[PDB]
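Novice: Here it is: the structure, laid out below.
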Amino acid sequence: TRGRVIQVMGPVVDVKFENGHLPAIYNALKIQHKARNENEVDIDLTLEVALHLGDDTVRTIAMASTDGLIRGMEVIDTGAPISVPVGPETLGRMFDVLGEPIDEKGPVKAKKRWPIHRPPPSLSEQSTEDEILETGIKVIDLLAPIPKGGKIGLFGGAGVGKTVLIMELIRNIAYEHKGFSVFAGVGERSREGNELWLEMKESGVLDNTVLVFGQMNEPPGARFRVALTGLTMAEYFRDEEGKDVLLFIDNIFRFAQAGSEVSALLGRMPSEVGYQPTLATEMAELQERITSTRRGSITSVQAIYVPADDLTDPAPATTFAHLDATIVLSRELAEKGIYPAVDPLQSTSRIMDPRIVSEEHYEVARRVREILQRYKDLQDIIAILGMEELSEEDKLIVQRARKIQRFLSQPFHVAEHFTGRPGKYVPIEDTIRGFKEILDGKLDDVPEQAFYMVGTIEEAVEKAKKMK
Amino acid sequence: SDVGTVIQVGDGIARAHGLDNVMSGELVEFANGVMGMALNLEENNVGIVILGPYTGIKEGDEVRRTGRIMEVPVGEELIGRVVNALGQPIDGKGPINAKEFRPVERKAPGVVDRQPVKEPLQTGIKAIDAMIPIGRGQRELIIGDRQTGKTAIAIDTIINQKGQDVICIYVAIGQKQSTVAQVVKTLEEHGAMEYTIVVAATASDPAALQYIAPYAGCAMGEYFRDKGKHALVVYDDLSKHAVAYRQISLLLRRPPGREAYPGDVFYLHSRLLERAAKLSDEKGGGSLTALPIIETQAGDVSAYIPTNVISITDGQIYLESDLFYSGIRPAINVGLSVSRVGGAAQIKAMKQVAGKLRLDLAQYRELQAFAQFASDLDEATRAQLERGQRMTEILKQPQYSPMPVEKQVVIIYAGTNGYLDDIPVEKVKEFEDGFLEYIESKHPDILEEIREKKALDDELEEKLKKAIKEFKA
Amino acid sequence: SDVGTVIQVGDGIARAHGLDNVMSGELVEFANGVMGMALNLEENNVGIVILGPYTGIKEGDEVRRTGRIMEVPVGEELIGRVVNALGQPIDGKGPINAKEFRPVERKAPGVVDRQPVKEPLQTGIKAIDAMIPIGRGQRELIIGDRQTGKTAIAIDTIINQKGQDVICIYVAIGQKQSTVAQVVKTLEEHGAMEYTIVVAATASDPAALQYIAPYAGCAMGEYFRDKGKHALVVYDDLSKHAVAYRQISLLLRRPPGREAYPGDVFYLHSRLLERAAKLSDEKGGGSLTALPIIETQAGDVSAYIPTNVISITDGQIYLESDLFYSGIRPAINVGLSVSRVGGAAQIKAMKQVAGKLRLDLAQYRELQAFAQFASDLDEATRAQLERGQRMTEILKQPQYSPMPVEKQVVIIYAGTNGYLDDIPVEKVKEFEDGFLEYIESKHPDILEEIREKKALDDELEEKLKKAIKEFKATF
Ligand SMILES: Nc1ncnc2c1ncn2[C@@H]1O[C@H](COP(=O)(O)OP(=O)(O)OP(=O)(O)O)[C@@H](O)[C@H]1O
Ligand SMILES: Nc1ncnc2c1ncn2[C@@H]1O[C@H](COP(=O)(O)OP(=O)(O)O)[C@@H](O)[C@H]1O
Ligand SMILES: [Mg+2]
Ligand SMILES: [Mg+2]
């Protein structure tokens, strides 16, 4: 049943086997070799079967560094895909891509191991729940309400605020629901991952949480399969235990790039901007499993890196079809000091219908999006002609749009090191009441600077009093 | 021999030795029981595209030719049900007892087998039915950026076919299982499932199924056309269908062209969309109309697949991300959208009022380039600006709110003849509903006459009956 | 068996037959004495990257296995010396008798092997130490157009580390030999060579050495961290490191992606920058800070390689070519520059005054860009437009002039609380020099308290001691 290494090309390794004893696709293989003399190095490596080539040969992707491999090394077949522990024994533990523990706590000893590749729920198992998840974040709770059991996607370039926004959502939602939580950290920073683990270990929240990481510095085999390890652990709580769970992923773009790095070495023809021909199929294998069924529910918050600030790129472009809510972060807002920097004209959700939200909520959100679009359509005219040449209506529309764009700003609890302010939580009632009061012109005699970094409208009014 | 064996296996593609007498496009069966299409015939191998889970197929497995072309079940029995790209049920309501089967690949009706399209396909949408008309055998494209209202126009159009003899086929290509289920509950909520067939290739399904889906939905629509009935076919997104074909062609090693797509891609959509037609009286007078949808990246209408399908269709509806956030809710670019069949598709009453609306909007588009200043514009220019702003408002309509053709005529007539001109711009939307409730509640004879004659010519009463409403409301 | 024979040679790449027992990443020796890395292992041949002058290598030459993964010498012996990317000396001061060797490729420390960063690495620059704090273990990017002062900020940092036990490494990648000599003499003039190591791979050296340079410098810095000491590493330009990898990858015929760079280009920089960390107390508490540098064409911060490295680091310092010609130094654009570790690494006295300053200096840019004239705005807007001008003056600072943390706290406390609002804008710089000399010459009790306590307890003495200077014929 055993085989031998024939070629090594970076992350890709080719293996040849005996007559008719070939392993299936997605099947795991093992390399365990001890140095025979001082010119060799000890190796412990796992390979995943990618395709059949002919001449009893198979092409594979390595899960760790291929340094030290030699042509002719013996390889063993495990008979099944990468299998990871599942169950309540996995709560409060940190894991590697292969489901082995990162923490110094000891062996997990779980009762069952599940394969990383499973078919998604059929059309008859789907759910159609229309329930609003309140986040306490003034921009999302108004313009892009989060559906329970749906997918919410955070799109942004480098350093716009995706991680600061994910961590504020983790803090606010996991506080009151007390359900099981999972965080994957596919492209999560080891420094941030350490800051998260310490807070969860001291606050006790870790006892209900599963963690899988898979750092930036890892080879593409790990960056490609790590999102599926966290998802396979979150699926057990939905399928076999019937619970409602939160699944956080700091970067699904890294999962796409890891497939791109692999594709040239596999022998495939490239597509647009050098990507793999299979890009939409691979994103759907991950995203179709993240759904709520008649047994239980999976709600997910995901961050998507946008390379070179271009949303037309194949990876971000392919992802939009799968999300129930989409939040886009703009550098123009970040460079102007307005945080969380969410773009009001490109952010949307499935739930923003007159049949799912109140008449007062629908009307306020409509009036906000419209006044900001009218202000966007005038920044050229205000540049070519003096502001004293604009009509009274346009003059008021500019002042109201100016107040609104900064009243959308809020100091987060997870950002006290950057904002220099305590941090605030705002209920939906005060968000709607707040924007309605500005839109209706009751606050025309208040400076724009009073609306920046305040949680609620009553605060803006005392912030105006603190300045004669 | 007719037995082949597998020599390579990848992402839904396999290659085999043997199969010397296989024909181009034939179905082939693997030893695991799964099926695939023989697409490329080489000197020493056959390129097979798999129609199911490929992970069970290995090098050295036996593969056999079936001697059969790909076919799907058809008939009245598919109405009010949900099926996959091969016609198999997925709604959980049991088996389908269809009596006939039709190949998904058939030739379109010839030049002499057709007749000119002269009857309307009401969408119930005031911007489409007045300015971008659809006839009962025409191909119209819905095109624009993501989240602009593309499916809403197709679904509102399917819901309006209740009191009309049209079978509706909705084909979902590369959609999430969750959005398919959400659309199916909306169709049941409005009762559209009493005459609707749903075909769905999900994003999780192999590229071969997302490729077969539009052709299967077309074969089901053709059955009704061949028997003298009317049918409507919607393709939720042809952009994902092109991407699915790009995937198979690149994995089969066919040489790429423009925007990485295969040269064969124009023939892919033209061989599909030319099957929608109105037949001659010798053939039975039956009809099939199509509503394909395309998504543009950041407004690029000049891209390969968009320009390719824009050249195939008989008209295009353009949706703007700009109009949508500005409060023009259906979000249609009336100064760019076009239908060749316009006039011939509409009824005599609708055409008359469409005309004045067209001149008013064209003039307003000419004036708005320099409408930035209005306190300086001549009072005459203001008349053009004011009329244009009001005609724009009449076109605004809430989702799932089709207006009946007699009412669309009655309101466009009022705006074009200046009867809505005197009403304030913000108050126009309120006045529209109030006037339509007034005309239906008392003296309903105006709405009854327009349904029967379809030609107006009775306006003296409509004018006098309108003055009684405007006197105090 | 451990000997092969060359079959093809080109612009720094070779192919050889044999070498059956070679291992992926092993160093290999040519008959001429030059060395190369075995990258690709094929059915019948091995692909080699040459680490020196290839013009002496011919087809049919005998190549041999070294039996070692690519490694570099490390230890105390490298301090006060100049070496190439292979660790060999170029200062002319004799051989290096280092006792330990370390592979240049190693995995970064895990989530549990680390601890939070809290001890401040003072740079001596008022805009960085206030708005963009740096700590031991952080990774800060220095970014801007060519000819903007990026090397000056790195060299000013390697000098402010005078009375600390920090070990500095400077890695020159794709730089001119003349600029390397000017950096080494500047370090000797200020005495920084008593605690510095210089690694060089200049513009004329083969691209394979410009590829190994950051990894070799990282291995030398890790030695100090693995033993509980603190280290710092500078990478003179990662933009040139990327161009060198693009050259090697295109010559191996790998298919390109965005801007012709290879798909592997993110893994290149992320595998190097994640090795900078602050270890846990069980591992020894040691640290390794990193200061990579990047060059923008025409200020295009949005380009592929720039945004790619910004996505890996803990913060960005952006330098403007436009402000630099307007007489402004260091010319840092605070509206774009920020740190992810910031606020936590900075001392408490500085947190008490710098906290709100970055967001204020970001909205300041909007107001000065939006205000069409000076005569039409209201009193509420005039009051905040003036404050940003005075703070911008306080933030200006000349070259080779480090200012200690205790002095930075007093002047920022004066500006952030409005004590400069009566002084004209052209006189603010005179105020800063006169005020700091006044406090040091007759109130050393304020600066000495901040030096020992690291926090502001009672401000009452500083408010009165400051007001006395104002009454005493201010500028
Ligand atoms: N006429 C309308 N009035 C109000 N809201 C509308 C209208 N038409 C569409 N919408 C809203 O626009 C949003 C997007 O609609 P829809 O899903 O049909 O757009 P789409 O372009 O097809 O999006 P996608 O590309 O994701 O499939 C939905 O929230 C829908 O309710
Ligand atoms: N809500 C916020 N409040 C204040 N500062 C923020 C906020 N969001 C982002 N920032 C700043 O910008 C950076 C955001 O980092 P991060 O969230 O990791 O960016 P990204 O993941 O998008 O690359 C931090 O340095 C932080 O100081
Ligand atoms: Mg982040
Ligand atoms: Mg849709």
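Just so we're on the same page: first chain in the structure tokens is A, next is B, and so on; residues restart at 1 for each chain, and ligands are numbered from 1 in the order they show up.
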Could I get the residue neighbourhood of ligand 3 at 8 Å, counting only C-alpha atoms and all ligand atoms, as an MDAnalysis selection string?

Specialist: (chainID A and resid 158:164 188:189 250) or (chainID C and resid 311)

Novice: Since we have the selection now, will you write its residues out, keeping C-alpha atoms, as a PDB file, in the first residue's frame?

Specialist:
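As written to disk, out00.pdb reads:
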```pdb
ATOM      1  CA  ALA A 158      -4.774  47.214   4.209  1.00  0.00           C
ATOM      2  CA  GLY A 159      -5.143  49.055   7.583  1.00  0.00           C
ATOM      3  CA  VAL A 160      -8.736  50.350   7.142  1.00  0.00           C
ATOM      4  CA  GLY A 161     -10.066  48.688  10.378  1.00  0.00           C
ATOM      5  CA  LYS A 162     -11.327  45.118   9.635  1.00  0.00           C
ATOM      6  CA  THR A 163      -9.770  43.497  12.778  1.00  0.00           C
ATOM      7  CA  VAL A 164     -10.837  46.363  15.100  1.00  0.00           C
ATOM      8  CA  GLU A 188      -5.195  36.385  11.985  1.00  0.00           C
ATOM      9  CA  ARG A 189      -2.122  38.080  13.500  1.00  0.00           C
ATOM     10  CA  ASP A 250     -10.616  37.221  10.128  1.00  0.00           C
TER      11      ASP A 250
ATOM     12  CA  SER C 311      -1.196  44.115   5.690  1.00  0.00           C
TER      13      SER C 311
END
```

Novice: Show me, as a list in words, the residues that have an atom within 10 Å of residue 93 in chain A when counting only C-alpha atoms, minus same-chain residues fewer than 4 positions from it.

Specialist: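 What passes the distance filter is residues 89, 100, 101, 102, 103, 104, 105, 106, 108, 206, 207, 208, 209, 210, 211 and 212 of chain A.
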
Novice: Identify, counting only C-alpha atoms and all ligand atoms, the protein, DNA and RNA residues located within 8 Å of ligand 2, and give them as a ChimeraX atom specification.

Specialist: /A:156-165,305,334,339-341,410-412,415-419 /C:310-311,314-315,338-342

Novice: Would you mind exporting the chosen residues as a JSON list (two decimals), in the first residue's frame, restricted to C-alpha atoms?

Specialist:
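Saved result, result.json, follows:
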```json
[["chain", "number", "residue", "atom", "x", "y", "z"],
["A", 156, "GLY", "CA", -11.49, 46.50, 3.08],
["A", 157, "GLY", "CA", -7.90, 47.18, 1.95],
["A", 158, "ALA", "CA", -4.77, 47.21, 4.21],
["A", 159, "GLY", "CA", -5.14, 49.06, 7.58],
["A", 160, "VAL", "CA", -8.74, 50.35, 7.14],
["A", 161, "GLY", "CA", -10.07, 48.69, 10.38],
["A", 162, "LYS", "CA", -11.33, 45.12, 9.64],
["A", 163, "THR", "CA", -9.77, 43.50, 12.78],
["A", 164, "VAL", "CA", -10.84, 46.36, 15.10],
["A", 165, "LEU", "CA", -14.42, 46.01, 13.73],
["A", 305, "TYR", "CA", -8.93, 41.73, 2.33],
["A", 334, "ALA", "CA", -10.29, 56.46, 7.50],
["A", 339, "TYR", "CA", -14.08, 55.31, 12.31],
["A", 340, "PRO", "CA", -15.31, 52.53, 11.83],
["A", 341, "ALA", "CA", -14.93, 53.97, 8.21],
["A", 410, "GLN", "CA", -18.44, 55.86, 17.49],
["A", 411, "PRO", "CA", -15.70, 55.10, 20.10],
["A", 412, "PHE", "CA", -15.30, 51.32, 20.56],
["A", 415, "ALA", "CA", -10.07, 50.65, 20.63],
["A", 416, "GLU", "CA", -9.33, 52.65, 23.88],
["A", 417, "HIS", "CA", -5.56, 52.60, 23.00],
["A", 418, "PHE", "CA", -6.22, 54.42, 19.65],
["A", 419, "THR", "CA", -9.25, 56.69, 20.38],
["C", 310, "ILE", "CA", 1.09, 47.19, 5.24],
["C", 311, "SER", "CA", -1.20, 44.11, 5.69],
["C", 314, "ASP", "CA", 1.84, 46.64, 13.22],
["C", 315, "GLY", "CA", 1.83, 50.21, 11.89],
["C", 338, "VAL", "CA", -1.00, 54.91, 12.41],
["C", 339, "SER", "CA", 0.02, 51.94, 14.69],
["C", 340, "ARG", "CA", -1.91, 48.78, 15.77],
["C", 341, "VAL", "CA", 0.21, 48.35, 18.96],
["C", 342, "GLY", "CA", -0.05, 52.10, 19.71]]
```

Novice: Just need the residues of chain A within 7 Å of chain B, counting only C-alpha atoms, so spit them out as an MDAnalysis selection string.

Specialist: chainID A and resid 24:25 51:54 123:124 126 128 268:269 271:272 277:278 281 284:285 288 312 322 345 369:370 373

Novice: Determine, counting only C-alpha atoms, which protein, DNA and RNA residues have an atom within 9 Å of an atom of range 34-42 of chain B; residues of the same chain fewer than 4 positions away are not included. Present the result as a list in words.

Specialist: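 Everything that qualifies: residues 13, 14, 22, 23, 24, 25, 26, 27, 28, 29, 30, 46, 47, 48, 49, 50, 51, 52, 53, 54, 56, 57, 70, 208 and 252 of chain B.
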
Novice: Taking N, CA and C atoms for each residue, export the selection above as a CSV table (one decimal), in the first residue's frame.

Specialist:
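Generated output (part_5.csv):
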```csv
chain,number,residue,atom,x,y,z
B,13,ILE,N,-13.1,16.9,-14.1
B,13,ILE,CA,-12.6,16.4,-15.4
B,13,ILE,C,-11.9,15.1,-15.3
B,14,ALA,N,-12.1,14.2,-16.2
B,14,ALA,CA,-11.3,13.0,-16.3
B,14,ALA,C,-11.0,12.8,-17.8
B,22,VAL,N,-17.1,6.6,-29.6
B,22,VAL,CA,-18.0,7.6,-28.9
B,22,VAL,C,-18.2,8.8,-29.7
B,23,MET,N,-19.4,9.5,-29.6
B,23,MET,CA,-19.6,10.6,-30.4
B,23,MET,C,-19.6,11.9,-29.6
B,24,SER,N,-19.3,13.0,-30.3
B,24,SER,CA,-19.2,14.3,-29.7
B,24,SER,C,-20.5,14.7,-28.9
B,25,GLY,N,-20.4,15.0,-27.6
B,25,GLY,CA,-21.5,15.3,-26.7
B,25,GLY,C,-22.3,14.2,-26.1
B,26,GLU,N,-21.9,12.9,-26.4
B,26,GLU,CA,-22.5,11.7,-25.8
B,26,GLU,C,-22.3,11.6,-24.3
B,27,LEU,N,-23.3,11.0,-23.6
B,27,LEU,CA,-23.2,10.7,-22.2
B,27,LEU,C,-22.4,9.4,-22.0
B,28,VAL,N,-21.5,9.3,-21.0
B,28,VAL,CA,-20.6,8.2,-20.6
B,28,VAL,C,-20.9,7.8,-19.1
B,29,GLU,N,-20.8,6.6,-18.8
B,29,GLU,CA,-21.0,6.1,-17.4
B,29,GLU,C,-19.8,5.5,-16.8
B,30,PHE,N,-19.4,5.9,-15.6
B,30,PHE,CA,-18.3,5.4,-14.8
B,30,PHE,C,-18.7,4.2,-14.0
B,46,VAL,N,-10.0,10.7,-24.7
B,46,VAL,CA,-11.3,11.4,-24.6
B,46,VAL,C,-11.4,12.2,-23.3
B,47,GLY,N,-11.7,13.5,-23.4
B,47,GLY,CA,-11.9,14.4,-22.3
B,47,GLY,C,-13.3,14.3,-21.9
B,48,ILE,N,-13.6,13.9,-20.7
B,48,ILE,CA,-14.9,13.7,-20.1
B,48,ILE,C,-15.1,14.7,-19.0
B,49,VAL,N,-16.3,15.3,-19.0
B,49,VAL,CA,-16.7,16.3,-17.9
B,49,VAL,C,-17.8,15.6,-17.0
B,50,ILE,N,-17.5,15.5,-15.7
B,50,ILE,CA,-18.3,14.8,-14.7
B,50,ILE,C,-19.5,15.6,-14.2
B,51,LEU,N,-20.7,14.9,-14.2
B,51,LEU,CA,-22.0,15.4,-13.8
B,51,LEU,C,-22.4,15.0,-12.3
B,52,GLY,N,-21.4,14.9,-11.4
B,52,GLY,CA,-21.6,14.6,-10.0
B,52,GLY,C,-20.3,14.6,-9.2
B,53,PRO,N,-20.3,13.9,-8.0
B,53,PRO,CA,-19.1,13.9,-7.2
B,53,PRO,C,-18.0,13.1,-7.8
B,54,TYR,N,-16.9,13.7,-8.2
B,54,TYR,CA,-15.7,13.1,-8.8
B,54,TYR,C,-14.7,12.4,-7.9
B,56,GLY,N,-14.9,9.8,-6.1
B,56,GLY,CA,-14.9,8.3,-6.1
B,56,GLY,C,-14.3,7.7,-7.3
B,57,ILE,N,-13.9,8.4,-8.3
B,57,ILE,CA,-13.3,8.0,-9.6
B,57,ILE,C,-11.8,7.9,-9.4
B,70,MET,N,-28.0,13.7,-23.9
B,70,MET,CA,-28.6,14.3,-22.7
B,70,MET,C,-30.0,14.8,-22.9
B,208,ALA,N,-20.5,21.5,-14.7
B,208,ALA,CA,-21.2,20.8,-15.7
B,208,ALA,C,-22.7,21.0,-15.6
B,252,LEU,N,-9.9,21.6,-19.6
B,252,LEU,CA,-9.8,20.7,-20.7
B,252,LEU,C,-8.7,21.1,-21.7
```
